[PDB]
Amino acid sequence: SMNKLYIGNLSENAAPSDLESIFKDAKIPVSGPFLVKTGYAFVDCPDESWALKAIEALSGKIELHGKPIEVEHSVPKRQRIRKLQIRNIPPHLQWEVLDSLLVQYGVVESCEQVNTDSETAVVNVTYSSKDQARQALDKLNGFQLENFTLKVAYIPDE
């Protein structure tokens, strides 16, 4: 389920062909069509490694019609519960440091490093409850750590 992308911050005249070229430029394969709504869209990638590569390569970095696009894991609202992904973690950050930040918002039920060839690290975090993950997302998303800006977003909970 970690294969599906949400594309946000699209202008009203964004077309599938715009998104096709953006993914082609970044050399990201998609396994289905771009479904475009009004201001946002969905596309699937062949696996979670490609979809993470899309997120890392595109979200906040590529502009379409003057607007930086958002590319995020697609998560239905009912599946935004305890699980988060953290991106842009400084390359050699001691896990002791990350833990000291995570536990300020709850008990970390689960934490797993996600393999990636980018300079920076990625980890999935399951907090013990919905309220903990929500506070952690509010406090860690955008948090500046050693001139890196943490990117924190929901991933599908069950």
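Note that residue numbering begins at 1 and tracks the sequence as displayed.
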Higher avg CA temperature factor (56-64 vs 111-119, as deposited) belongs to 111-119
Quick one: higher average CA temperature factor, 94-102 or 34-42?
94-102
Just grab whichever of 10, 19, 145, 140 has the top CA B-factor as deposited.
145
CA B-factor placement of residue 131, once the chain's modelled residues are sorted into thirds:
highest
For residue 80, return the chain-relative third of its C-alpha B-factor as stated in the PDB record: lowest, middle or highest.
middle
